[PDB]
$ cat upload.pdb   # PDB, C-alpha atoms
MODEL        1
ATOM      1  CA  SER A   1      81.769 -32.912 -14.071
ATOM      2  CA  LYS A   2      81.134 -29.305 -15.233
ATOM      3  CA  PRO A   3      78.531 -29.285 -18.125
ATOM      4  CA  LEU A   4      77.788 -32.956 -18.738
ATOM      5  CA  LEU A   5      75.945 -32.551 -15.443
ATOM      6  CA  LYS A   6      73.529 -30.550 -17.618
ATOM      7  CA  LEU A   7      73.431 -33.464 -20.082
ATOM      8  CA  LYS A   8      72.839 -36.031 -17.329
ATOM      9  CA  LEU A   9      69.953 -33.911 -16.052
ATOM     10  CA  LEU A  10      68.571 -32.858 -19.442
ATOM     11  CA  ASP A  11      68.546 -36.553 -20.286
ATOM     12  CA  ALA A  12      66.889 -37.651 -17.038
ATOM     13  CA  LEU A  13      64.056 -35.166 -17.582
ATOM     14  CA  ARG A  14      63.761 -36.200 -21.227
ATOM     15  CA  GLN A  15      62.904 -39.787 -20.240
ATOM     16  CA  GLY A  16      60.012 -38.891 -17.980
ATOM     17  CA  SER A  17      60.132 -40.970 -14.803
ATOM     18  CA  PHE A  18      60.258 -38.866 -11.645
ATOM     19  CA  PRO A  19      61.697 -41.880  -9.751
ATOM     20  CA  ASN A  20      64.285 -42.244 -12.513
ATOM     21  CA  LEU A  21      65.082 -38.546 -12.132
ATOM     22  CA  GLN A  22      65.632 -38.930  -8.386
ATOM     23  CA  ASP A  23      67.773 -42.020  -8.951
ATOM     24  CA  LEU A  24      70.047 -39.918 -11.185
ATOM     25  CA  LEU A  25      70.362 -36.999  -8.759
ATOM     26  CA  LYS A  26      70.813 -39.415  -5.844
ATOM     27  CA  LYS A  27      73.875 -41.161  -7.288
ATOM     28  CA  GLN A  28      75.325 -38.605  -9.722
ATOM     29  CA  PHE A  29      74.908 -35.146  -8.120
ATOM     30  CA  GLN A  30      77.367 -35.799  -5.286
ATOM     31  CA  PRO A  31      78.766 -33.899  -3.639
ATOM     32  CA  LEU A  32      75.675 -31.711  -3.179
ATOM     33  CA  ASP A  33      77.665 -28.851  -1.624
ATOM     34  CA  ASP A  34      80.146 -28.193  -4.435
ATOM     35  CA  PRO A  35      78.778 -25.137  -6.278
ATOM     36  CA  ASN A  36      78.833 -26.757  -9.718
ATOM     37  CA  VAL A  37      76.171 -29.231  -8.591
ATOM     38  CA  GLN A  38      74.013 -26.603  -6.882
ATOM     39  CA  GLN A  39      74.113 -24.346  -9.951
ATOM     40  CA  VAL A  40      73.039 -26.993 -12.470
ATOM     41  CA  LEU A  41      70.571 -28.404  -9.934
ATOM     42  CA  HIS A  42      68.773 -25.068  -9.538
ATOM     43  CA  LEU A  43      68.223 -24.847 -13.295
ATOM     44  CA  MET A  44      66.109 -28.021 -13.110
ATOM     45  CA  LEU A  45      62.806 -26.206 -13.602
ATOM     46  CA  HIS A  46      63.989 -24.284 -16.668
ATOM     47  CA  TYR A  47      65.190 -27.625 -18.018
ATOM     48  CA  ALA A  48      61.903 -29.424 -17.333
ATOM     49  CA  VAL A  49      59.737 -27.005 -19.313
ATOM     50  CA  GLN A  50      61.911 -27.490 -22.405
ATOM     51  CA  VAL A  51      62.299 -31.276 -22.616
ATOM     52  CA  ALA A  52      60.345 -32.983 -19.888
ATOM     53  CA  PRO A  53      56.849 -34.463 -20.263
ATOM     54  CA  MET A  54      54.018 -32.815 -18.378
ATOM     55  CA  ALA A  55      53.622 -35.189 -15.440
ATOM     56  CA  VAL A  56      57.321 -34.904 -14.525
ATOM     57  CA  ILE A  57      56.872 -31.149 -14.145
ATOM     58  CA  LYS A  58      53.924 -31.536 -11.769
ATOM     59  CA  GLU A  59      55.856 -34.150  -9.805
ATOM     60  CA  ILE A  60      58.899 -31.869  -9.623
ATOM     61  CA  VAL A  61      56.728 -28.924  -8.554
ATOM     62  CA  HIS A  62      54.453 -30.667  -6.027
ATOM     63  CA  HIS A  63      57.563 -32.127  -4.343
ATOM     64  CA  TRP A  64      60.298 -29.501  -4.195
ATOM     65  CA  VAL A  65      58.775 -26.071  -4.960
ATOM     66  CA  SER A  66      58.004 -23.512  -2.217
ATOM     67  CA  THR A  67      57.633 -26.295   0.340
ATOM     68  CA  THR A  68      59.278 -27.018   3.691
ATOM     69  CA  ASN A  69      58.201 -30.691   3.817
ATOM     70  CA  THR A  70      61.890 -31.748   4.178
ATOM     71  CA  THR A  71      61.717 -32.858   0.500
ATOM     72  CA  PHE A  72      64.370 -35.399  -0.501
ATOM     73  CA  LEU A  73      67.975 -34.350  -1.087
ATOM     74  CA  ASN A  74      67.090 -31.197   0.878
ATOM     75  CA  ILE A  75      66.312 -29.750  -2.552
ATOM     76  CA  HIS A  76      64.234 -26.559  -2.526
ATOM     77  CA  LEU A  77      63.262 -25.087  -5.902
ATOM     78  CA  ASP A  78      62.351 -21.426  -6.328
ATOM     79  CA  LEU A  79      59.512 -21.300  -8.838
ATOM     80  CA  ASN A  80      60.688 -17.933 -10.194
ATOM     81  CA  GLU A  81      64.439 -18.542 -10.288
ATOM     82  CA  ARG A  82      66.344 -16.535 -12.876
ATOM     83  CA  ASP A  83      68.500 -17.846 -15.762
ATOM     84  CA  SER A  84      71.952 -16.557 -16.567
ATOM     85  CA  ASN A  85      69.792 -14.657 -19.082
ATOM     86  CA  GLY A  86      67.435 -13.535 -16.299
ATOM     87  CA  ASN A  87      64.486 -15.676 -17.467
ATOM     88  CA  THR A  88      62.105 -17.726 -15.319
ATOM     89  CA  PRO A  89      60.649 -21.157 -16.177
ATOM     90  CA  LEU A  90      57.501 -19.236 -17.113
ATOM     91  CA  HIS A  91      59.621 -17.311 -19.657
ATOM     92  CA  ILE A  92      61.012 -20.402 -21.404
ATOM     93  CA  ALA A  93      57.611 -22.116 -21.318
ATOM     94  CA  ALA A  94      56.078 -19.101 -23.046
ATOM     95  CA  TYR A  95      59.013 -18.545 -25.427
ATOM     96  CA  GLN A  96      58.698 -22.059 -26.824
ATOM     97  CA  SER A  97      54.921 -21.642 -27.270
ATOM     98  CA  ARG A  98      54.392 -24.623 -24.957
ATOM     99  CA  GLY A  99      51.008 -23.376 -23.829
ATOM    100  CA  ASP A 100      49.623 -26.178 -21.656
ATOM    101  CA  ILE A 101      52.645 -25.569 -19.401
ATOM    102  CA  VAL A 102      52.276 -21.775 -19.253
ATOM    103  CA  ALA A 103      48.836 -22.625 -17.854
ATOM    104  CA  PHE A 104      50.026 -24.929 -15.059
ATOM    105  CA  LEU A 105      52.734 -22.432 -14.035
ATOM    106  CA  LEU A 106      50.276 -19.520 -13.721
ATOM    107  CA  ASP A 107      47.946 -21.636 -11.556
ATOM    108  CA  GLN A 108      50.624 -22.193  -8.893
ATOM    109  CA  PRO A 109      50.325 -20.208  -5.651
ATOM    110  CA  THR A 110      53.755 -18.538  -5.664
ATOM    111  CA  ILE A 111      53.982 -17.821  -9.418
ATOM    112  CA  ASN A 112      55.297 -14.338 -10.155
ATOM    113  CA  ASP A 113      54.426 -13.457 -13.761
ATOM    114  CA  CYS A 114      55.834  -9.926 -13.516
ATOM    115  CA  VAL A 115      59.530 -10.762 -13.315
ATOM    116  CA  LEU A 116      61.852  -8.863 -15.645
ATOM    117  CA  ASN A 117      64.710 -10.707 -17.301
ATOM    118  CA  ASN A 118      68.032  -9.243 -18.445
ATOM    119  CA  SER A 119      66.342  -7.822 -21.559
ATOM    120  CA  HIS A 120      63.696  -6.144 -19.331
ATOM    121  CA  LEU A 121      60.805  -8.279 -20.577
ATOM    122  CA  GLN A 122      57.842  -9.853 -18.835
ATOM    123  CA  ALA A 123      57.306 -13.570 -19.315
ATOM    124  CA  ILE A 124      54.248 -12.744 -21.418
ATOM    125  CA  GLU A 125      56.322 -10.991 -24.103
ATOM    126  CA  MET A 126      58.461 -13.998 -25.053
ATOM    127  CA  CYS A 127      55.763 -16.046 -26.766
ATOM    128  CA  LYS A 128      54.930 -15.958 -30.469
ATOM    129  CA  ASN A 129      51.432 -17.483 -30.478
ATOM    130  CA  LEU A 130      48.808 -14.857 -29.663
ATOM    131  CA  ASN A 131      46.491 -17.595 -28.358
ATOM    132  CA  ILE A 132      49.092 -18.229 -25.647
ATOM    133  CA  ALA A 133      49.496 -14.530 -24.861
ATOM    134  CA  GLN A 134      45.736 -14.046 -24.536
ATOM    135  CA  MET A 135      45.351 -16.902 -22.056
ATOM    136  CA  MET A 136      48.312 -15.454 -20.160
ATOM    137  CA  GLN A 137      46.777 -11.971 -20.187
ATOM    138  CA  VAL A 138      43.392 -13.427 -19.184
ATOM    139  CA  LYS A 139      44.907 -15.263 -16.219
ATOM    140  CA  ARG A 140      46.471 -12.107 -14.786
ATOM    141  CA  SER A 141      43.024 -10.480 -15.046
ATOM    142  CA  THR A 142      41.438 -13.290 -13.039
ATOM    143  CA  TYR A 143      44.187 -13.329 -10.412
ATOM    144  CA  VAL A 144      44.056  -9.568  -9.802
ATOM    145  CA  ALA A 145      40.267  -9.842  -9.644
ATOM    146  CA  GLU A 146      40.278 -12.713  -7.136
ATOM    147  CA  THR A 147      43.053 -11.170  -5.031
ATOM    148  CA  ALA A 148      41.459  -7.706  -4.889
ATOM    149  CA  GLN A 149      38.353  -9.338  -3.434
ATOM    150  CA  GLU A 150      40.446 -11.193  -0.848
ATOM    151  CA  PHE A 151      42.032  -7.831  -0.016
ATOM    152  CA  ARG A 152      38.661  -6.145   0.563
ATOM    153  CA  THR A 153      37.365  -9.090   2.598
ATOM    154  CA  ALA A 154      40.490  -9.082   4.776
ATOM    155  CA  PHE A 155      39.961  -5.421   5.647
ATOM    156  CA  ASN A 156      36.255  -5.870   6.366
ATOM    157  CA  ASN A 157      36.944  -8.764   8.750
ATOM    158  CA  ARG A 158      40.071  -6.989  10.090
ATOM    159  CA  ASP A 159      41.997 -10.195   9.301
ATOM    160  CA  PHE A 160      45.419  -8.766  10.114
ATOM    161  CA  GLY A 161      47.273 -12.001   9.396
ATOM    162  CA  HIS A 162      45.730 -12.341   5.948
ATOM    163  CA  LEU A 163      46.713  -8.786   4.990
ATOM    164  CA  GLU A 164      50.388  -9.380   5.786
ATOM    165  CA  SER A 165      50.074 -12.567   3.712
ATOM    166  CA  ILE A 166      48.890 -10.663   0.650
ATOM    167  CA  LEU A 167      51.396  -7.801   0.697
ATOM    168  CA  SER A 168      54.265 -10.265   1.210
ATOM    169  CA  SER A 169      53.621 -11.968  -2.143
ATOM    170  CA  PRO A 170      55.813 -10.019  -4.601
ATOM    171  CA  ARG A 171      53.459 -10.584  -7.529
ATOM    172  CA  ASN A 172      50.860  -8.788  -5.400
ATOM    173  CA  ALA A 173      53.221  -5.912  -4.559
ATOM    174  CA  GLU A 174      53.436  -5.287  -8.329
ATOM    175  CA  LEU A 175      49.696  -5.583  -9.152
ATOM    176  CA  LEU A 176      47.959  -4.137  -6.092
ATOM    177  CA  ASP A 177      47.689  -0.581  -4.777
ATOM    178  CA  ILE A 178      47.031  -0.018  -1.073
ATOM    179  CA  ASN A 179      46.014   3.603  -1.770
ATOM    180  CA  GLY A 180      43.490   3.374  -4.654
ATOM    181  CA  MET A 181      40.129   5.032  -4.034
ATOM    182  CA  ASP A 182      36.906   3.092  -3.654
ATOM    183  CA  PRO A 183      35.252   3.809  -7.032
ATOM    184  CA  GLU A 184      31.948   5.106  -5.697
ATOM    185  CA  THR A 185      33.165   6.687  -2.437
ATOM    186  CA  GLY A 186      36.105   8.860  -1.364
ATOM    187  CA  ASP A 187      38.044   6.740  -0.285
ATOM    188  CA  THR A 188      41.440   5.229   0.428
ATOM    189  CA  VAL A 189      41.608   2.560   3.112
ATOM    190  CA  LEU A 190      43.203   5.129   5.415
ATOM    191  CA  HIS A 191      40.164   7.438   5.270
ATOM    192  CA  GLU A 192      37.760   4.521   5.664
ATOM    193  CA  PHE A 193      39.523   3.399   8.847
ATOM    194  CA  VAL A 194      40.276   6.831  10.263
ATOM    195  CA  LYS A 195      36.497   7.319  10.153
ATOM    196  CA  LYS A 196      35.862   4.138  12.142
ATOM    197  CA  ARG A 197      38.507   5.541  14.536
ATOM    198  CA  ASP A 198      40.310   2.186  14.360
ATOM    199  CA  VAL A 199      43.726   3.088  15.735
ATOM    200  CA  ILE A 200      45.215  -0.417  15.500
ATOM    201  CA  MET A 201      44.354  -0.742  11.797
ATOM    202  CA  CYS A 202      45.479   2.779  10.879
ATOM    203  CA  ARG A 203      48.884   2.159  12.465
ATOM    204  CA  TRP A 204      49.143  -1.098  10.504
ATOM    205  CA  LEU A 205      48.213   0.738   7.303
ATOM    206  CA  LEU A 206      50.717   3.546   7.889
ATOM    207  CA  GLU A 207      53.547   1.001   7.961
ATOM    208  CA  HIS A 208      52.563  -0.762   4.714
ATOM    209  CA  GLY A 209      52.667   2.220   2.378
ATOM    210  CA  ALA A 210      49.330   4.052   2.596
ATOM    211  CA  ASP A 211      50.466   7.670   2.404
ATOM    212  CA  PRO A 212      48.740  10.179   4.730
ATOM    213  CA  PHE A 213      48.688  12.894   2.029
ATOM    214  CA  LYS A 214      46.130  11.367  -0.346
ATOM    215  CA  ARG A 215      42.930  13.400  -0.294
ATOM    216  CA  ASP A 216      39.518  11.871  -0.752
ATOM    217  CA  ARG A 217      37.273  13.393  -3.411
ATOM    218  CA  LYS A 218      36.445  16.134  -0.902
ATOM    219  CA  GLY A 219      39.930  17.629  -0.490
ATOM    220  CA  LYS A 220      40.056  16.408   3.122
ATOM    221  CA  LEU A 221      43.258  14.495   3.764
ATOM    222  CA  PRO A 222      43.108  11.902   6.585
ATOM    223  CA  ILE A 223      44.220  14.153   9.465
ATOM    224  CA  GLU A 224      41.198  16.407   8.845
ATOM    225  CA  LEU A 225      38.693  13.683   9.798
ATOM    226  CA  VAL A 226      38.950  14.359  13.540
ATOM    227  CA  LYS A 227      36.122   8.820  25.624
ATOM    228  CA  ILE A 228      37.830  11.162  23.144
ATOM    229  CA  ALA A 229      41.286   9.922  24.153
ATOM    230  CA  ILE A 230      40.970   7.645  21.109
ATOM    231  CA  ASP A 231      40.719  10.662  18.777
ATOM    232  CA  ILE A 232      43.930  12.331  19.959
ATOM    233  CA  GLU A 233      45.679   8.983  19.466
ATOM    234  CA  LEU A 234      44.960   9.098  15.728
ATOM    235  CA  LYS A 235      45.622  12.841  15.519
ATOM    236  CA  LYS A 236      49.076  12.410  17.042
ATOM    237  CA  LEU A 237      49.590   9.226  15.004
ATOM    238  CA  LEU A 238      49.223  10.985  11.649
ATOM    239  CA  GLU A 239      51.253  14.002  12.794
ATOM    240  CA  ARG A 240      54.196  11.672  13.440
ATOM    241  CA  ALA A 241      53.681   9.898  10.101
ATOM    242  CA  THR A 242      53.609  13.012   7.898
ATOM    243  CA  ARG A 243      56.738  14.378   9.595
ATOM    244  CA  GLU A 244      58.585  11.285   8.320
ATOM    245  CA  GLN A 245      57.605  11.857   4.681
ATOM    246  CA  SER A 246      58.739  15.498   4.813
ATOM    247  CA  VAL A 247      62.296  14.349   5.613
ATOM    248  CA  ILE A 248      62.799  12.899   2.114
ATOM    249  CA  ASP A 249      61.855  16.299   0.635
ATOM    250  CA  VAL A 250      65.046  17.851   1.991
ATOM    251  CA  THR A 251      64.473  21.091   0.024
TER     252      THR A 251
ATOM    253  CA  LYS B   1      24.580   0.834  -7.605
ATOM    254  CA  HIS B   2      26.671   0.897 -10.832
ATOM    255  CA  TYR B   3      29.350  -1.614  -9.767
ATOM    256  CA  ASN B   4      28.739  -4.903  -7.985
ATOM    257  CA  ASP B   5      30.823  -5.767  -4.919
ATOM    258  CA  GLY B   6      33.838  -7.615  -6.347
ATOM    259  CA  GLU B   7      34.364  -5.544  -9.479
ATOM    260  CA  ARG B   8      34.147  -2.621  -7.026
ATOM    261  CA  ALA B   9      37.220  -4.019  -5.235
ATOM    262  CA  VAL B  10      39.075  -4.455  -8.539
ATOM    263  CA  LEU B  11      38.789  -0.740  -9.289
ATOM    264  CA  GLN B  12      39.951   0.112  -5.763
ATOM    265  CA  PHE B  13      42.879  -2.254  -5.147
ATOM    266  CA  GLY B  14      43.795  -2.974  -8.756
ATOM    267  CA  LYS B  15      46.703  -1.164 -10.357
ATOM    268  CA  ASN B  16      45.943  -1.343 -14.128
TER     269      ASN B  16
ENDMDL
END

$ encode --input "upload.pdb" --output "structure tokens"
Amino acid sequence: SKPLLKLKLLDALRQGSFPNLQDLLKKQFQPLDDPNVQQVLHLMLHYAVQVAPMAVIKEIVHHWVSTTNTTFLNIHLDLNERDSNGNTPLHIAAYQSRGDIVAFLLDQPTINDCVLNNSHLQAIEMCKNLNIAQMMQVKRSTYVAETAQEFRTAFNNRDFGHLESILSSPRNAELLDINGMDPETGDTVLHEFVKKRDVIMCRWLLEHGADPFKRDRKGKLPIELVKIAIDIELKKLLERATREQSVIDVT
Amino acid sequence: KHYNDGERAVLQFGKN
């Protein structure tokens, strides 16, 4: 069908019945394997934020986005999929100053608001209304705040599973430093946990960034905070870890 | 004290 597939879909969203949208994809997007269907199908979220009413977006999201609940036509929508122009549905939503939608997108769990398009622009830069930018900028502030507290809590409880959950989220990888000092202490998380001689947690930290060369505010880098067979386990652990970093510096 | 407990964690694990 080539591009009238885009018209079929851009029309189905424009009406506003999520059943009616399914009924179109069910009988008009066959065969689902041919790549012209799968390409215009995976633009569905960019198309919803332009022409579809609000409730159709929620119904599209809460059904097919970042979910393994077998869905419908085995359709799985990536919330941060990228245009031919590199944009995400959050980009278009912002660009068109459709603010009530920029809100609902930033409240989703897998939203990545730090994606760069082809022009090398964040989704926040596309809008024209400052009122929309401010709410966008405010929401990043609240997310980084709430997530940084979940990070601290996860370390204090030694919730290993929750830590791998937070560093996996790419939006977090962009807005979260595993090194940063505690403001009124030394103190990277490596120092804090070398001092509790917690070998299992230090090994975990060494694998997820956490460089062993960062001093605290007393010059002491981690290795210099050292039965006693637990001590020599850390001391040999860091020795092996620093030797890996000094292989990139070939000269 | 200076910083509370959560805004303490924003300075530590936040990236500006």

$ resolve_selection --input "upload.pdb" --expression "the PyMOL selection byres ((chain B and resi 2-16) around 7)" --output "VMD selection string"
(chain A and resid 144 to 145 148 to 149 152 175 to 178 180 to 183) or (chain B and resid 1)

$ write_last_selection --input "upload.pdb" --atoms "C-alpha atoms" --output "PDB file, in the coordinates of the input"
ATOM      1  CA  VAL A 144      44.056  -9.568  -9.802  1.00  0.00           C
ATOM      2  CA  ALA A 145      40.267  -9.842  -9.644  1.00  0.00           C
ATOM      3  CA  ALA A 148      41.459  -7.706  -4.889  1.00  0.00           C
ATOM      4  CA  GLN A 149      38.353  -9.338  -3.434  1.00  0.00           C
ATOM      5  CA  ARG A 152      38.661  -6.145   0.563  1.00  0.00           C
ATOM      6  CA  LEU A 175      49.696  -5.583  -9.152  1.00  0.00           C
ATOM      7  CA  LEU A 176      47.959  -4.137  -6.092  1.00  0.00           C
ATOM      8  CA  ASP A 177      47.689  -0.581  -4.777  1.00  0.00           C
ATOM      9  CA  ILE A 178      47.031  -0.018  -1.073  1.00  0.00           C
ATOM     10  CA  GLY A 180      43.490   3.374  -4.654  1.00  0.00           C
ATOM     11  CA  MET A 181      40.129   5.032  -4.034  1.00  0.00           C
ATOM     12  CA  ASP A 182      36.906   3.092  -3.654  1.00  0.00           C
ATOM     13  CA  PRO A 183      35.252   3.809  -7.032  1.00  0.00           C
TER      14      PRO A 183
ATOM     15  CA  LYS B   1      24.580   0.834  -7.605  1.00  0.00           C
TER      16      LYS B   1
END

$ resolve_selection --input "upload.pdb" --expression "the PyMOL selection byres ((chain A and resi 32-48) around 7)" --output "list in words"
residues 2, 5, 6, 10, 13, 29, 30, 31, 49, 50, 51, 52, 57, 77, 88, 89 and 92 of chain A

$ resolve_selection --input "upload.pdb" --expression "the PyMOL selection byres ((chain A and resi 226) around 10)" --output "list in words"
residues 194, 195, 197, 222, 223, 224, 225, 231, 232, 234 and 235 of chain A

$ atom_distance --input "upload.pdb" --atom1 "atom CA of residue A:126" --atom2 "atom CA of residue A:93"
9.0 Å

$ residues_near_point --input "upload.pdb" --point "(62.9, -16.1, -23.5)" --cutoff "9 Å" --atoms "only C-alpha atoms" --output "VMD selection string"
chain A and resid 85 to 88 90 to 96 117 121 123 125 to 127

$ closest_residue --input "upload.pdb" --among "A:68, A:203, A:60, A:221" --to "residue A:240" --atoms "all atoms listed in the file"
A:203

$ residues_near_point --input "upload.pdb" --point "(49.8, -23.1, -11.0)" --cutoff "12 Å" --atoms "all atoms listed in the file" --output "PyMOL selection string"
chain A and resi 57-58+61-62+65+79+90+100-113+139+143

$ axis_aligned_box --input "upload.pdb" --around "stretch 83-90 of chain A" --padding-each-side "8 Å" --output "lines of an AutoDock Vina configuration file"
center_x = 64.7
center_y = -17.3
center_z = -17.2
size_x = 30.5
size_y = 23.6
size_z = 19.8

$ residues_around --input "upload.pdb" --residues "residue A:166" --least-positions-apart "2" --cutoff "10 Å" --atoms "only C-alpha atoms" --output "list in words"
residues 147, 148, 150, 151, 154, 161, 162, 163, 164, 168, 169, 170, 171, 172, 173 and 176 of chain A

$ build_atoms --input "upload.pdb" --residues "stretch 122-135 of chain A" --atoms "N, CA, C and O atoms" --output "compact mmCIF listing (two decimals), in the coordinates of the input"
# COMPACT_ATOMS: atom_id res chain seq x y z
N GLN A 122 58.72 -8.97 -19.59
CA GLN A 122 57.84 -9.85 -18.84
C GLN A 122 57.76 -11.21 -19.53
O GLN A 122 57.99 -11.34 -20.73
N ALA A 123 57.42 -12.23 -18.74
CA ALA A 123 57.31 -13.57 -19.32
C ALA A 123 56.27 -13.62 -20.43
O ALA A 123 56.36 -14.46 -21.33
N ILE A 124 55.30 -12.70 -20.41
CA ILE A 124 54.25 -12.74 -21.42
C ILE A 124 54.77 -12.32 -22.79
O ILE A 124 54.23 -12.72 -23.82
N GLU A 125 55.85 -11.53 -22.83
CA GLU A 125 56.32 -10.99 -24.10
C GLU A 125 57.09 -12.01 -24.94
O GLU A 125 57.21 -11.82 -26.16
N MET A 126 57.60 -13.07 -24.33
CA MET A 126 58.46 -14.00 -25.05
C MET A 126 57.72 -14.86 -26.06
O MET A 126 58.34 -15.35 -27.01
N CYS A 127 56.41 -15.08 -25.89
CA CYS A 127 55.76 -16.05 -26.77
C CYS A 127 55.50 -15.45 -28.14
O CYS A 127 55.52 -14.23 -28.34
N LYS A 128 55.27 -16.34 -29.11
CA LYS A 128 54.93 -15.96 -30.47
C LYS A 128 53.47 -16.20 -30.81
O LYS A 128 52.90 -15.44 -31.60
N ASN A 129 52.84 -17.21 -30.23
CA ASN A 129 51.43 -17.48 -30.48
C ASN A 129 50.57 -16.51 -29.68
O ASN A 129 50.70 -16.43 -28.45
N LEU A 130 49.69 -15.78 -30.36
CA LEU A 130 48.81 -14.86 -29.66
C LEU A 130 47.85 -15.61 -28.75
O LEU A 130 47.54 -15.14 -27.65
N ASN A 131 47.39 -16.79 -29.19
CA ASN A 131 46.49 -17.60 -28.36
C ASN A 131 47.09 -17.87 -26.99
O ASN A 131 46.36 -17.97 -25.99
N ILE A 132 48.42 -18.01 -26.92
CA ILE A 132 49.09 -18.23 -25.65
C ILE A 132 49.20 -16.93 -24.86
O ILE A 132 49.03 -16.92 -23.63
N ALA A 133 49.45 -15.82 -25.55
CA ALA A 133 49.50 -14.53 -24.86
C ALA A 133 48.14 -14.19 -24.26
O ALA A 133 48.05 -13.76 -23.10
N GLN A 134 47.07 -14.39 -25.02
CA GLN A 134 45.74 -14.05 -24.54
C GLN A 134 45.40 -14.81 -23.26
O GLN A 134 44.96 -14.22 -22.27
N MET A 135 45.61 -16.13 -23.26
CA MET A 135 45.35 -16.90 -22.06
C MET A 135 46.21 -16.41 -20.90
O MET A 135 45.76 -16.37 -19.75
